[PDB]
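Student: Here you go, one structure.
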Amino acid sequence: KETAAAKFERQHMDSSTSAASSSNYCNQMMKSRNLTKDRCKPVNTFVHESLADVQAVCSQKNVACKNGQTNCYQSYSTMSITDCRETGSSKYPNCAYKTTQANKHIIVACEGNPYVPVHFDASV
Ligand SMILES: [Cl-]
Ligand SMILES: [Cl-]
Ligand SMILES: [Cl-]
Ligand code: NA
């Protein structure tokens, strides 16, 4: 039974690579983080920074979340991210993803003690 903080780590952290280097990155990573068990998760972003740097965003720029809550924070600097999005031809259990690498600010929602990211809201 996964904690919110651990679910964020599993779904969104990939510190082992600096960037997505191939078109199949999302296919491989969505499968290995168990995001295609029982259904194809339609959209998911991976962050290629250290966990410490992502946790530090909870002390950066406080902004509104898309849902209206006020516990979201925007990173001061851009970060290396990979957006993974199901293609139109994807259908469970043969999930298929488009891989888009970018450098953008991240917006996360933070909660708890310690105060850590629990939701990925957007990137800018
Ligand atoms: Cl898992
Ligand atoms: Cl996401
Ligand atoms: Cl401010
Ligand atoms: Na938690």
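Identifiers in the structure tokens: chain A, B, ... in order shown; residue index from 1 per chain; ligand index from 1 in order shown.
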Apply DSSP to the structure's backbone, then extract all residues of region 34-85 of chain A labelled alpha helix (DSSP H) and return them as number ranges by chain.
Tutor: A: 51-55
Student: Using only C-alpha atoms and all ligand atoms, what are the residues with an atom within 7 Å of ligand 4, set out as a ChimeraX atom specification?
Tutor: /A:3-6,112,118
Student: Pull N, CA, C and O atoms from the residues just selected and write them as a short mmCIF file (atom, residue, chain, number, x, y, z; two decimals), in the first residue's frame.
Tutor:
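File written: part-v7.cif
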data_model
loop_
_atom_site.label_atom_id
_atom_site.label_comp_id
_atom_site.auth_asym_id
_atom_site.auth_seq_id
_atom_site.Cartn_x
_atom_site.Cartn_y
_atom_site.Cartn_z
N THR A 3 2.70 4.86 -0.16
CA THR A 3 2.51 6.22 0.32
C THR A 3 2.47 7.16 -0.87
O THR A 3 2.92 6.84 -1.98
N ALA A 4 1.91 8.35 -0.65
CA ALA A 4 1.84 9.33 -1.72
C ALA A 4 3.23 9.72 -2.20
O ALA A 4 3.46 9.86 -3.41
N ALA A 5 4.15 9.94 -1.27
CA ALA A 5 5.50 10.33 -1.65
C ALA A 5 6.18 9.24 -2.47
O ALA A 5 6.88 9.54 -3.45
N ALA A 6 6.00 7.98 -2.08
CA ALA A 6 6.64 6.89 -2.82
C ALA A 6 6.02 6.73 -4.19
O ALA A 6 6.72 6.37 -5.15
N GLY A 112 2.90 16.98 3.54
CA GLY A 112 3.38 16.05 4.53
C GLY A 112 4.51 16.60 5.37
O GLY A 112 4.92 17.76 5.28
N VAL A 118 4.01 15.21 -4.01
CA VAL A 118 3.09 14.09 -4.06
C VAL A 118 2.30 14.03 -5.37
O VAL A 118 1.67 13.03 -5.68
#
Student: Can I get the residues close to ligand 2 as a ChimeraX atom specification, where close means within 10 Å and we count only C-alpha atoms and all ligand atoms?
Tutor: /A:8,11-12,41-47,82-85,108,119-123
Student: If you keep N, CA and C atoms, can you produce a file of those selected residues as a PDB file, in the first residue's frame?
Tutor:
ATOM      1  N   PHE A   8       4.855   9.117  -6.006  1.00  0.00           N
ATOM      2  CA  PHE A   8       5.437  10.171  -6.836  1.00  0.00           C
ATOM      3  C   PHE A   8       6.807   9.756  -7.348  1.00  0.00           C
ATOM      4  N   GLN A  11       6.440   7.044 -10.085  1.00  0.00           N
ATOM      5  CA  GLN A  11       5.863   7.486 -11.337  1.00  0.00           C
ATOM      6  C   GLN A  11       6.712   8.535 -12.042  1.00  0.00           C
ATOM      7  N   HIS A  12       7.503   9.322 -11.316  1.00  0.00           N
ATOM      8  CA  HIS A  12       8.038  10.533 -11.929  1.00  0.00           C
ATOM      9  C   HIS A  12       9.539  10.717 -11.852  1.00  0.00           C
ATOM     10  N   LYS A  41      -1.578   3.964 -18.600  1.00  0.00           N
ATOM     11  CA  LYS A  41      -1.690   5.309 -18.060  1.00  0.00           C
ATOM     12  C   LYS A  41      -1.528   6.289 -19.217  1.00  0.00           C
ATOM     13  N   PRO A  42      -2.478   7.192 -19.438  1.00  0.00           N
ATOM     14  CA  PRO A  42      -2.429   7.939 -20.711  1.00  0.00           C
ATOM     15  C   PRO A  42      -1.294   8.934 -20.831  1.00  0.00           C
ATOM     16  N   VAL A  43      -0.929   9.614 -19.745  1.00  0.00           N
ATOM     17  CA  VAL A  43       0.086  10.657 -19.764  1.00  0.00           C
ATOM     18  C   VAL A  43       0.942  10.522 -18.514  1.00  0.00           C
ATOM     19  N   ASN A  44       2.251  10.718 -18.665  1.00  0.00           N
ATOM     20  CA  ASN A  44       3.118  10.685 -17.488  1.00  0.00           C
ATOM     21  C   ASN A  44       4.428  11.382 -17.790  1.00  0.00           C
ATOM     22  N   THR A  45       4.923  12.160 -16.835  1.00  0.00           N
ATOM     23  CA  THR A  45       6.181  12.875 -17.006  1.00  0.00           C
ATOM     24  C   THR A  45       7.255  12.307 -16.095  1.00  0.00           C
ATOM     25  N   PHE A  46       8.443  12.086 -16.655  1.00  0.00           N
ATOM     26  CA  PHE A  46       9.606  11.678 -15.889  1.00  0.00           C
ATOM     27  C   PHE A  46      10.574  12.846 -15.758  1.00  0.00           C
ATOM     28  N   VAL A  47      11.151  13.020 -14.569  1.00  0.00           N
ATOM     29  CA  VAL A  47      12.091  14.113 -14.299  1.00  0.00           C
ATOM     30  C   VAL A  47      13.487  13.531 -14.151  1.00  0.00           C
ATOM     31  N   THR A  82      10.947  14.241 -19.465  1.00  0.00           N
ATOM     32  CA  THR A  82      10.434  13.514 -20.609  1.00  0.00           C
ATOM     33  C   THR A  82       8.951  13.340 -20.423  1.00  0.00           C
ATOM     34  N   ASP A  83       8.179  13.846 -21.361  1.00  0.00           N
ATOM     35  CA  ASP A  83       6.744  13.615 -21.360  1.00  0.00           C
ATOM     36  C   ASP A  83       6.460  12.350 -22.161  1.00  0.00           C
ATOM     37  N   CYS A  84       5.631  11.484 -21.589  1.00  0.00           N
ATOM     38  CA  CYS A  84       5.209  10.236 -22.208  1.00  0.00           C
ATOM     39  C   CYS A  84       3.703  10.305 -22.399  1.00  0.00           C
ATOM     40  N   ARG A  85       3.241  10.121 -23.641  1.00  0.00           N
ATOM     41  CA  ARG A  85       1.828  10.248 -23.971  1.00  0.00           C
ATOM     42  C   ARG A  85       1.431   9.089 -24.862  1.00  0.00           C
ATOM     43  N   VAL A 108       4.891  21.091  -8.967  1.00  0.00           N
ATOM     44  CA  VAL A 108       4.499  19.949  -8.148  1.00  0.00           C
ATOM     45  C   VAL A 108       3.663  20.413  -6.976  1.00  0.00           C
ATOM     46  N   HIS A 119       2.359  15.086  -6.187  1.00  0.00           N
ATOM     47  CA  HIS A 119       1.596  15.141  -7.436  1.00  0.00           C
ATOM     48  C   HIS A 119       2.397  15.978  -8.421  1.00  0.00           C
ATOM     49  N   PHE A 120       2.422  15.549  -9.685  1.00  0.00           N
ATOM     50  CA  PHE A 120       3.032  16.341 -10.753  1.00  0.00           C
ATOM     51  C   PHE A 120       1.894  17.106 -11.421  1.00  0.00           C
ATOM     52  N   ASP A 121       1.931  18.445 -11.372  1.00  0.00           N
ATOM     53  CA  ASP A 121       0.812  19.223 -11.888  1.00  0.00           C
ATOM     54  C   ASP A 121       1.016  19.567 -13.362  1.00  0.00           C
ATOM     55  N   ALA A 122       2.197  20.060 -13.712  1.00  0.00           N
ATOM     56  CA  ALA A 122       2.435  20.561 -15.055  1.00  0.00           C
ATOM     57  C   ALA A 122       3.917  20.838 -15.202  1.00  0.00           C
ATOM     58  N   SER A 123       4.310  21.139 -16.427  1.00  0.00           N
ATOM     59  CA  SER A 123       5.606  21.738 -16.682  1.00  0.00           C
ATOM     60  C   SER A 123       5.378  22.958 -17.556  1.00  0.00           C
TER      61      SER A 123
END
Student: Find the spatial neighbours of residue 86 (chain A), counting only C-alpha atoms, within a cut-off of 12 Å - ignore same-chain residues fewer than 3 positions away - and output them as a PDB file with N, CA and C atoms, in the first residue's frame.
Tutor:
ATOM      1  N   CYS A  26       9.893   5.964 -23.413  1.00  0.00           N
ATOM      2  CA  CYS A  26       8.632   5.907 -22.689  1.00  0.00           C
ATOM      3  C   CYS A  26       8.055   4.508 -22.678  1.00  0.00           C
ATOM      4  N   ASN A  27       8.111   3.802 -23.795  1.00  0.00           N
ATOM      5  CA  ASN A  27       7.597   2.439 -23.788  1.00  0.00           C
ATOM      6  C   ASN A  27       8.285   1.616 -22.699  1.00  0.00           C
ATOM      7  N   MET A  30       7.499   3.299 -18.920  1.00  0.00           N
ATOM      8  CA  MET A  30       6.134   3.128 -18.442  1.00  0.00           C
ATOM      9  C   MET A  30       5.895   1.679 -18.033  1.00  0.00           C
ATOM     10  N   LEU A  35       3.383   1.202 -14.796  1.00  0.00           N
ATOM     11  CA  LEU A  35       2.312   2.115 -15.164  1.00  0.00           C
ATOM     12  C   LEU A  35       1.478   1.588 -16.315  1.00  0.00           C
ATOM     13  N   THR A  36       1.730   0.363 -16.764  1.00  0.00           N
ATOM     14  CA  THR A  36       0.904  -0.243 -17.806  1.00  0.00           C
ATOM     15  C   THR A  36       0.293  -1.563 -17.349  1.00  0.00           C
ATOM     16  N   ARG A  39      -3.869  -1.140 -17.070  1.00  0.00           N
ATOM     17  CA  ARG A  39      -4.346  -0.168 -18.042  1.00  0.00           C
ATOM     18  C   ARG A  39      -3.135   0.615 -18.505  1.00  0.00           C
ATOM     19  N   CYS A  40      -3.269   1.251 -19.672  1.00  0.00           N
ATOM     20  CA  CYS A  40      -2.251   2.183 -20.133  1.00  0.00           C
ATOM     21  C   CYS A  40      -2.491   3.535 -19.470  1.00  0.00           C
ATOM     22  N   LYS A  41      -1.578   3.964 -18.600  1.00  0.00           N
ATOM     23  CA  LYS A  41      -1.690   5.309 -18.060  1.00  0.00           C
ATOM     24  C   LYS A  41      -1.528   6.289 -19.217  1.00  0.00           C
ATOM     25  N   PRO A  42      -2.478   7.192 -19.438  1.00  0.00           N
ATOM     26  CA  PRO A  42      -2.429   7.939 -20.711  1.00  0.00           C
ATOM     27  C   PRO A  42      -1.294   8.934 -20.831  1.00  0.00           C
ATOM     28  N   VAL A  43      -0.929   9.614 -19.745  1.00  0.00           N
ATOM     29  CA  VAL A  43       0.086  10.657 -19.764  1.00  0.00           C
ATOM     30  C   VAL A  43       0.942  10.522 -18.514  1.00  0.00           C
ATOM     31  N   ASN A  44       2.251  10.718 -18.665  1.00  0.00           N
ATOM     32  CA  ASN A  44       3.118  10.685 -17.488  1.00  0.00           C
ATOM     33  C   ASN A  44       4.428  11.382 -17.790  1.00  0.00           C
ATOM     34  N   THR A  45       4.923  12.160 -16.835  1.00  0.00           N
ATOM     35  CA  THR A  45       6.181  12.875 -17.006  1.00  0.00           C
ATOM     36  C   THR A  45       7.255  12.307 -16.095  1.00  0.00           C
ATOM     37  N   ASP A  83       8.179  13.846 -21.361  1.00  0.00           N
ATOM     38  CA  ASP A  83       6.744  13.615 -21.360  1.00  0.00           C
ATOM     39  C   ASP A  83       6.460  12.350 -22.161  1.00  0.00           C
ATOM     40  N   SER A  89      -2.808   4.906 -31.681  1.00  0.00           N
ATOM     41  CA  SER A  89      -2.902   3.483 -31.973  1.00  0.00           C
ATOM     42  C   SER A  89      -2.662   2.606 -30.746  1.00  0.00           C
ATOM     43  N   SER A  90      -2.488   3.196 -29.569  1.00  0.00           N
ATOM     44  CA  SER A  90      -2.212   2.423 -28.362  1.00  0.00           C
ATOM     45  C   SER A  90      -3.497   1.857 -27.777  1.00  0.00           C
ATOM     46  N   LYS A  91      -3.442   0.611 -27.322  1.00  0.00           N
ATOM     47  CA  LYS A  91      -4.600  -0.023 -26.698  1.00  0.00           C
ATOM     48  C   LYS A  91      -4.120  -1.145 -25.790  1.00  0.00           C
ATOM     49  N   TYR A  92      -4.540  -1.128 -24.537  1.00  0.00           N
ATOM     50  CA  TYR A  92      -4.139  -2.145 -23.579  1.00  0.00           C
ATOM     51  C   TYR A  92      -4.408  -3.526 -24.162  1.00  0.00           C
ATOM     52  N   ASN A  94      -1.157  -3.658 -25.207  1.00  0.00           N
ATOM     53  CA  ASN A  94      -0.012  -3.220 -26.002  1.00  0.00           C
ATOM     54  C   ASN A  94       0.052  -1.692 -25.967  1.00  0.00           C
ATOM     55  N   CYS A  95       0.402  -1.188 -24.796  1.00  0.00           N
ATOM     56  CA  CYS A  95       0.512   0.243 -24.627  1.00  0.00           C
ATOM     57  C   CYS A  95       1.647   0.776 -25.489  1.00  0.00           C
ATOM     58  N   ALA A  96       1.412   1.924 -26.113  1.00  0.00           N
ATOM     59  CA  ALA A  96       2.413   2.571 -26.953  1.00  0.00           C
ATOM     60  C   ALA A  96       2.474   4.053 -26.626  1.00  0.00           C
ATOM     61  N   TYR A  97       3.687   4.583 -26.516  1.00  0.00           N
ATOM     62  CA  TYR A  97       3.865   5.948 -26.075  1.00  0.00           C
ATOM     63  C   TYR A  97       4.750   6.731 -27.026  1.00  0.00           C
ATOM     64  N   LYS A  98       4.423   8.020 -27.156  1.00  0.00           N
ATOM     65  CA  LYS A  98       5.302   9.027 -27.744  1.00  0.00           C
ATOM     66  C   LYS A  98       6.194   9.641 -26.668  1.00  0.00           C
ATOM     67  N   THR A  99       7.489   9.748 -26.979  1.00  0.00           N
ATOM     68  CA  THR A  99       8.517  10.275 -26.082  1.00  0.00           C
ATOM     69  C   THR A  99       8.883  11.684 -26.504  1.00  0.00           C
ATOM     70  N   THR A 100       8.704  12.666 -25.616  1.00  0.00           N
ATOM     71  CA  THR A 100       9.079  14.042 -25.929  1.00  0.00           C
ATOM     72  C   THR A 100       9.977  14.570 -24.818  1.00  0.00           C
TER      73      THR A 100
END
Student: Name the residues, by chain letter and number, that sit within 10 Å of ligand 3 using only C-alpha atoms and all ligand atoms, and give them as a PDB file with C-alpha atoms, in the first residue's frame.
Tutor:
ATOM      1  CA  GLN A  60      10.519  27.436  -4.272  1.00  0.00           C
ATOM      2  CA  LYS A  61       7.790  29.491  -5.968  1.00  0.00           C
ATOM      3  CA  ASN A  62       4.333  28.916  -4.441  1.00  0.00           C
ATOM      4  CA  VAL A  63       1.663  28.905  -7.169  1.00  0.00           C
TER       5      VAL A  63
END
Student: Which residues sit within 8 Å of ligand 1, counting only C-alpha atoms and all ligand atoms, listed as a JSON list (two decimals) with C-alpha atoms, in the first residue's frame?
Tutor:
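So pocket.json came out as:
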[["chain", "number", "residue", "atom", "x", "y", "z"],
["A", 10, "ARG", "CA", 7.94, 5.64, -8.75],
["A", 33, "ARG", "CA", 7.59, 1.48, -13.34],
["A", 34, "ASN", "CA", 4.40, -0.61, -13.56]]
Student: What is the CA of residue 57 (chain A) to CA of residue 21 (chain A) distance in Å?
Tutor: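 Pair CA of residue 57 (chain A) / CA of residue 21 (chain A) returns 25.3 Å.
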Student: With distances taken over only C-alpha atoms, which residue among A:31, A:104, A:37, A:48 lies nearest residue 15 (chain A)?
Tutor: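 Nearest to residue 15 (chain A): A:48.
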Student: As an exercise, work out the distance from CA of residue 81 (chain A) to CA of residue 17 (chain A) in Å and give it to one decimal place.
Tutor: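 A separation of 10.4 Å between them.
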Student: Check the smallest atom-to-atom distance from each of A:13, A:54, A:102, A:109 to residue 67 (chain A) using only C-alpha atoms, then report the winner.
Tutor: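 With only C-alpha atoms as the atom set, the closest residue is A:109.
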Student: To one decimal place, how far is CA of residue 23 (chain A) from CA of residue 7 (chain A) in Å?
Tutor: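 Taking CA of residue 23 (chain A) as the start and CA of residue 7 (chain A) as the end point, the length is 24.8 Å.
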Student: Counting only C-alpha atoms, which residue out of A:55, A:87, A:50, A:16 sits closest to residue 74 (chain A)?
Tutor: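 Selected residue with least distance to residue 74 (chain A): A:55.
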